[PDB]
Every structure is written in C-alpha cells, then in structure tokens.
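*Asks:* Let me give you the structure first, and then I'll get to my questions.
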Ligand SMILES: OCCSc1ccc(Cl)cn1
Ligand SMILES: OCCSc1ccc(Cl)cn1
Ligand SMILES: OCCSc1ccc(Cl)cn1
Ligand SMILES: OCCSc1ccc(Cl)cn1
Ligand SMILES: OCCSc1ccc(Cl)cn1
Ligand SMILES: OCCSc1ccc(Cl)cn1
C-alpha cells in the first residue's frame, strides 16, 4: 500500500524537457541527428556531464567542456553558442501545472512527496529564473533531492537507497515518476511502483489507477494558503505603547494588506503566496487591536487620524518611501484615507467591498448610520462592553456564525439593537461554513484570546472624530492609481454604495465578483487573486 | 535660553527653493518679470494657492487653477506647462546637507527640532520623489508640521501658537529659520529668535552665535545609526525549534546582512539606514545563536551546511527568490558558502575581512588552525564550557575588551591557550573604545543575557564537519558578482589572507580600508557605506 510519490523535475514537473531542446536545435540547424545529444552524454560516468550532475564542477565551468565535446562529435555553424541554447531552453521551461496539482492532491491525502532530480550548480548570470522555479516548486513538497547536492546521480543505485532513507519508507510504499526509462529501472528493480512519463494525461491516468485517488478531471483547486508557523513574522514599534505585527513574503514593490473587522493578517492567507509569486513584497498586517499587534483600551487610539499616522510611521521605520495599500472592510476605509491624506506614501490604492464615501458636513455621522437599516449592528457596537461580552462569550461560535458564504448565513444585521444582540437568533453550535476548516476557525479563536474584541470594536467608536477629520478632505480628489472591488452578495457593503466613486476618483478602475459575500478573500480567493494581480501589474509597477 | 530650533523646508532644508524656479522660468522664456510669481500668489488668502497650502484642495486640482491665474496675469508660449515646470522644480530640489547637519548637531546637544512648512497634498503621478525626500528629512526631527495637514498657513499667527504648543516651549526658548521675511515676522513679533536664510553659511554663522554651539567647520559626522525600538522587527520559523530574527528597513532589492562573532544585527547599525536610503530592502539578521534568534545547545546545529540550509528556508518563507548576501567575520564565511552551494538564491555576494579560502583536502582543519599563530584563540574556543565561562563572567568587560580600534587593543590572540584565557592580561574595568558609547555596549550586554556564548561559540566547533562539506565544492568557481573588502589593521583576518581569491572568483571586485581594525562596520562606517553602495549600484541591480 502506497504512501509516498516521487517526481522527476525535467520532463515531469517542468516542461518542455531540456533534452527536447538538444534535439530541436539539431533539427532547426540541419545538424546530424543526435550530434548535440551525444556530446551532452560523452564519457558517461567519467564525462563532464556526470561531474556537473554530481556537483564536482559548476554549470559555467561545464559550458566550455560541452563546447569541446560537440566539436569532437562533429561542421558546426558561425555564431553557435551552447550558452545561448541552454539559456533559451532553461528560460522556456515552466512548471507542468497539472503534474504539480496531482502531487498537491496526493500530499493533501496523506502522501509524503519528493522531487528527485539530476541537476547542476547554476552560476550563470541568468540563474535567478531557475532559482525562482525551484523556490516555487520545492515548497509544495516534503523533500527536494538534487544530484549536485548529494554527490550521487540517477541511475546509480545509491541515490535510490538515499531516496528510501529520506522517505523512511519501504520501496513497495513508493510511486516513482520519470521521463527516462533508464532512471526508472533501478526504482522498478528495487520494487517501487514506476510510471514512465511521456504525455502528462496518460501518466496521471496511470498514477490515479495505482494510488486509487482521483487526480484527473478534479474540480478547480483553491489557491495556495499559509501555514502561520512557516512565515516570516515582523514587528515594528510605532510608538511607546504600540507595536504592529505583520507577516512578510516575496520581493518586489511593497504591498500592504489591511484586513477588516473582526479579522487577522490570516484573512489574506490565499492572497499572500499568490501576490509574492506575482512579483510583489507582501506585508499582511495584524491591524491595531488585533492578533500580535498592540491593543490599547482607549477609544481615541482607534480613530482614522491615528491609525493612518501609525501606518505612515510603520513605513518610516521599515524604510519604505511607499507601499501599495489594499484593504477590506474597515481596512478598505483606512486605505482610502491613506490615499487622501498621504498620497506620497501610497503607490496605488485598492479596496475590497468598502466604497469611498465623502463625509456629509450637513449630517451627523450617527444620523447617517441610522438612515441605513443594514448598519444597525454598528449602533449595537457603540456602547462600551455590550458587544465585547457577546462576542467574547464563545469565540468558536462568534467566528462560525460570522464567517459564512451568502447561501449559508445565520445573521441579519438590521434590527440587532431591538433583538438585543448579534447572535440572539443564532444556534449555540453553528455548522462549519464551506469557506473554512475547523483548524482555520481555531486560529482566529487563539488570536482573539490575547486581546479580545475591545480594540477591534473601538474602530467603530470614533464616528464623530473620523467625520470631523474627513471633512478636511472635502475639496480633494483621489488622483493616484485606484481599484474598487465590489462583491455581488455583500448585504451590508452593497455594490450600489460605490456608484458615485468616480466623482472623487475620476480614473478609478473596477473589479466585480459575482456570488461573493462579505468575506471576499476566502469566499472567492481565485478571482480576488486574478483581479488584484492584473491591476497590480498594469497600475502599480 | 534656547532649547528648540525650527526650520522651514523650501529654501532652508531643501534647495534650490521652488520660488527660485518661477523666476528662472520667466528669465529663460523672456516673460515679463514676476508674471509667473504674481500668478502663484493671486487672490492672497482667498486665492487658489492658500486653499492648496491649507489642504482644501490637492496639487492636481490646483494645477489648472494656477494655469488660469497665469493667463489673466498676461502673451504665453506654444507648449507652456505649469505641470512640467513644477515637476522639474520639485525633482531638482534636494536636501541642504549642511543645514540638516546643523539640525542634527542641535538635536544631539539636547534641542527639540522641528520642520514648519507651507506645503501641499501631492497627488501627481510623480509624487514619490517628494514622498521620499520628506520620509528621509522627517526622521531626523522631533516634529513635522505641514500647513496642508494642520489647515493653517504661514504667516497667520495661529500656526505659530500651534508651533509653540507642539514644542511645549515659550517663544524665547525657540530659534526660527526661514527664507521669507514675511513668514519670519510673526515668530519675531512673538519673541522668538529669528534668522533670515539667504546663503546657508551666513545663516549657520547666525545660528552658531545665537545657540553657542559649533555647527560650521565641524569634524565629519558619523552615518545615521539605528534606535532598536524604532525598527521593524521580523521573525521567521525555519524549523520547529528554530526561529530567526531580523531588523528590516527600506524598499528595493533584498540585502541580507550577516554579522560575525560575538555580534548582533546591531553591528550593522551604521549600514542599515545608509543602504535603505540608497534604494535597498535591508534584512539585518540576528544569526542563529544570537539575540532574539533561537540558540539550540547542540554543536552540530551550527555547522555551515545547516546554517546555510536555514538561510535558504529563511528566503523561502519570506517569499524571496534571491537576496544579496553581505557578511562580516563568521557571516563572511557563511556568505561565501551561500554563493558556492546556492548561487541561484544569491543575487551578489560581499565579505568584509573574511576571505574565501578553499578547504585543504590533504590537511586536517585543526592542523591548518594550528599552523597560524593568530588563530590560537579558536583552539581555546573548542572545549565546551571553558570560553562560555570566561565570556559570560562579566558581559560589559567582554564587549569593552573586544570592541576596540587598532590603536586601542588590550587583546593579543596568539598564546591564549598557554595564557589560560582571552582576558587574563586584560583589565577588570576596560576603558570605553572611541567606536562605542556606554549605551551601545549595554545593548550587546542585554542581548547576550538571553542565550549567552554557547550557540555563538558552537560556530567554531564544527571545523571537521565544515571541512568535509567544503571539500564537495573544490571543483567549483564563484562566478556570480562578488566583492572582497579588506581591513588594513585586522590582525587576524589580514588582507594578505585574500591574495589568492581570484583563482576561485576570477571576476572578483575589491575594496580596501586603511587604518581599519577587525570591527569594520563601527570602525570605518562612512567608508564601508561608500564601498558597499557603490558596488551594489554597479553589480547588484
Ligand atoms: O463592519 C464594518 C463595515 S466597513 C465600515 C467602514 C466605514 C464605516 Cl464608517 C463603517 N463601516
Ligand atoms: O456572512 C455575511 C454576513 S456577516 C457580515 C459582517 C459584516 C459585514 Cl460589513 C457584512 N456581513
Ligand atoms: O464620515 C465619513 C465616513 S462615511 C462612510 C464611508 C464608507 C462606509 Cl462603508 C460607511 N460610511
Ligand atoms: O573569529 C572568527 C574569525 S572568521 C573565521 C572564519 C572561518 C573560520 Cl574556519 C574561522 N574563523
Ligand atoms: O580589537 C581587535 C582585536 S579583537 C579580534 C577578534 C576577532 C578577530 Cl577575527 C580579530 N580581532
Ligand atoms: O575548511 C575550510 C575553511 S578554511 C578558512 C577560510 C577562511 C578563514 Cl578566515 C579561515 N579558514
């Protein structure tokens, strides 16, 4: 009975195979068949290629030794370059997405997975491309065994015994996939299940049959998520009693993610790997009042003016002249204010669900809140302690009742005051939404054990303060790159609420997500990622 | 008696003044004198410019209103643009370095300092330039008061009363520097000491005379340092029992700083702001065994193979495909191994003092260590507990005896074993080196209270392990961008030790620091910064 799957890189996890190029070069250049491919394998275990594959020499040291082997094998053309051929071939090689999906599905079903590859130590000026591919691929597997690192090579039988030792599994427990029959033989000869990879589909039909797990024609997979303990955790003191926590991933332009109420940096779990993979440095915050960020008790510590001033200090301390700001719910409001009050520090601005609405100088904000029935819950949140007591009574119940898709809801946010609470017509043991696992609920539960709901609720307790500050920006317009993302089924932050935004943001770009509730990021992660990456690459460098 | 200094931005902290451009434009374009300058001030307190300066409207909203004012003031040329004129003017304006040096000196001598400026809300597509200038300038001052943020403007007398309130000082305690006589008058009229700024030198002679502090012809100042509590602190779990801590500042290509023994991320205090200012994202590590990074007790947890594997995981977890690695002492060795074993993850490599020396396969590493008298202290470090006991006995004594310039030393590193210890011929109360303050010593003391010297010393306790691993790279060459920085007076890591490096690193670049001891970074910070920034901008994007 199988419990581990082993994949080759070239021709299996990455396509087109680099061997396929040696052949294509001969054909395009009308060279004798296998002239280049025979030069590549000259001397066998004694040859330059084995030394390269074992890690004895680097790729740049091997280039002129291959140039010698192709000369002795052959006449060759005028400006023929081994460097150019390999550079083009490596650069053209991309991840074989359906093969990676199968490895992800097998790992999700309890398998130990590994990449076993004959590769080199790459010191070419263009080595980053490959470095990137390996970095992306490797994080999806339990083990990455590289010939040049272990000083062993396929087909030598010691690399297989090394493989079985790292896996801590007997050969009959292991499936091995390879495009080279010769490299497949010692695994077969040892009793491992083997699959010769030509076309991916046939290879996956063989893999499905042999494991008893559906891998082909599977429903669309969710984006890569975050394991909290595997992240880089960052901490910046913005003032004597205030430290802000953030999770950090990737390189490139800085992207600041700002969650809403009652959330976490973890609400961006499906966006963080996606955006880092797209070429951005992601800073997913724990907003003030939340998780590992400080939570002072004073109401005024949570007015937009101070929240924004602290986010500017956060940048100053990290040495960032700008960041793109992306917010959701209360974070979406903060992000529109960063754009209005600190445009020099905001590269671009994006909001999920939260529209930009100018302050009404002729109306009290609590009159304005009363005018919209769905904003009743915000009046229930005013009285210090009332909502803290209900929300803190049973954390698991709080998150399970809140975090539900549009077709699952147990909460109506109108007539909350009259009803006497948010969960008064809600079950004691709500069912688990399709959006979350029990473990994901338990992470929010553990986060909220530290400070609870006082700091988070205080964000709502500065209506008049925020309104007076906001009135200072009434003559301004938002003229920096801006994205507004609406969610069809957000029954509080309705798409219609964003209808007059181009009056204050004339060059505004838009995104819209159908059949999406309030919890945009975990409801429709795939689409959020597509809309954000697309707008980032076009409007935010 | 004075205790606070207030500086204007335009014409004082930043030059050339933007007003100087309105005049230069009229002259270059043969327009009537003051045509543009009068359009800029049309309507006075009622006009477009006051509304801009008060924050009522943004810079992009004001552009067409200024275009209207210049039309009514005047004929104008074919392709005349207010946007182009202001874009060029803002971009040409740079920090007035000697004025900033004077403000830094006054703050160092106990003054409260502040920037008081009539500025706008900048939403131009090119607003980052200005955002950057303000970000750099503001961090050197106690307060930054901007007209557009406070809704007040110079010369209105309320902005001065606002200024005195923020400062919590009576007017006679305040010096105010401004290039505009009209904006200077209300401060004078209130009893504040005032200086009319034309040329900087005269203004600084007036400032010196009035404060009694030397500001002109002062010796060269040290680079900007780091206050630990003002930084962004990052934490990444690289394995179940191992978390690595780092300090993070700036945006741009990632630069990983790796300290030596017995140090801290804080050993890079003079490099961190400098490199961030130069356009880099700095990650200053607490190396394994140090500060807030984990310190497991096992010797083998500190061999180069594991240290390097953990630094690759550090990148994987932060989502960085590459980083430039810069190391000093033991960090310099790690950085050469990152380059040899993981060239795809290293954008470029630089070492301070530590040369790259290939493993000798025909000689035991402890035979090799015995062959060099100055490496005696490394044999003293072998026996578990011996050096921990001496180094942990008095922390303040440990750091004060170690951290000394070449012309101050109390330690000879030969005959340490024979002598029975590192500090046996050293005073109980060493004097404080010119390189460090008492407070800087006390930071290292507090850091080492957590784990002590066991993890740090374990870096030396893997000679044979590191030698066997290193022998795997004997056929390789370092062919990625590489910098070797030698220190004239490092009496252990002598410049001569680097003499054969181009045999293994043919395209190696070099730096050399005269009259520099072992503690390169704090000994010669200005030169380290110059050599690193220069090599980074040329060789590491
Ligand atoms: O539950 C919070 C919805 S987002 C939001 C944003 C702004 C204001 Cl004033 C109120 N609510
Ligand atoms: O599950 C969706 C209803 S819960 C909810 C909470 C807050 C806002 Cl703004 C909207 N909906
Ligand atoms: O007083 C200015 C805040 S107005 C506002 C803006 C956004 C939302 Cl969701 C609710 N209210
Ligand atoms: O004090 C440490 C000097 S740096 C160093 C680097 C490598 C080796 Cl094997 C020994 N010392
Ligand atoms: O103060 C300078 C002598 S202390 C010292 C410590 C380590 C090394 Cl590698 C060199 N010098
Ligand atoms: O065994 C390989 C390490 S050789 C070496 C390299 C650098 C320094 Cl400072 C001392 N020894």
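Shown for chain B, in order and in Swiss-Prot numbering: 2-75, 81-547.
Backbone N, Cα and C define each Cβ position, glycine as well.
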*Asks:* Look at the Mg(2+) binding annotation in Swiss-Prot, where B:9, B:11 are given, and name the residue from B:185, B:195, B:205, B:207 listed for that site too.
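*Replies:* Only hit among B:185, B:195, B:205, B:207 in Swiss-Prot's Mg(2+) site, alongside B:9, B:11: B:185.
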*Asks:* Pick from B:43, B:456: which does Swiss-Prot describe as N6-acetyllysine?
*Replies:* B:43
*Asks:* Quick one, can you pull the C-alpha distance from residue B:75 to residue B:81 in angstrom, nearest whole number? The 5 residues in between aren't in the model.
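*Replies:* The separation between residue B:75 and residue B:81 at their Cα atoms is 6 Å.
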*Asks:* How many Å lie between the Cα of residue B:524 (active site, proton acceptor) and the Cα of residue B:335 (active site, nucleophile)?
*Replies:* 8
*Asks:* Using a 10 Å radius around each Cβ and all protein chains in view, which of these recorded positions has the most neighbours: B:123, B:370?
*Replies:* B:123
*Asks:* Among B:43, B:123, B:124, B:421, B:466, B:524, the recorded positions in the record, which have a C-beta under 6 A from ligand 5?
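*Replies:* Close enough to ligand 5 are B:524.
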*Asks:* Radius 10 Å, atoms counted are CB only; among the modified residues B:421, B:455, which position scores highest?
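*Replies:* That would be B:421, with the highest Cβ count within 10 Å.
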*Asks:* Among the recorded positions listed here, B:43, B:55, B:191, B:215, B:524, which has the most company in the form of other Cβ atoms within 10 Å of its Cβ?
*Replies:* B:524
*Asks:* Taking the Cβ of residue B:466 (active site, proton donor) as the centre, count every other Cβ atom within 10 Å, in any protein chain shown.
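*Replies:* Cβ-Cβ neighbours of residue B:466 (active site, proton donor) within 10 Å number 20.
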*Asks:* Measuring Cα to Cα, how many Å separate residue B:43 (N6-acetyllysine) from residue B:191 (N6-acetyllysine)?
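*Replies:* Each residue's Cα considered, residue B:43 (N6-acetyllysine) and residue B:191 (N6-acetyllysine) end up 21 Å apart.
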*Asks:* Among B:124, B:215, B:335, B:421, B:455, which recorded positions lie by ligand 4, judged by Cβ under 6 Å to any atom?
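*Replies:* With ligand 4 as the reference and 6 Å as the Cβ limit, the list reads B:335.
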*Asks:* Please name which of the recorded positions listed here, B:123, B:124, B:335, B:370, B:466, is nearest in space to residue B:215 (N6-acetyllysine), Cα against Cα.
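*Replies:* With Cα distances computed to residue B:215 (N6-acetyllysine), the winner among B:123, B:124, B:335, B:370, B:466 is B:123.
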*Asks:* Secondary structure at residue B:124 (phosphate binding site) (DSSP, helix/strand/coil)?
*Replies:* coil
*Asks:* What Cα-Cα separation, expressed in whole Å, is found between residue B:466 (active site, proton donor) and residue B:191 (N6-acetyllysine)?
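*Replies:* The separation of the Cα atoms works out to 66 Å.
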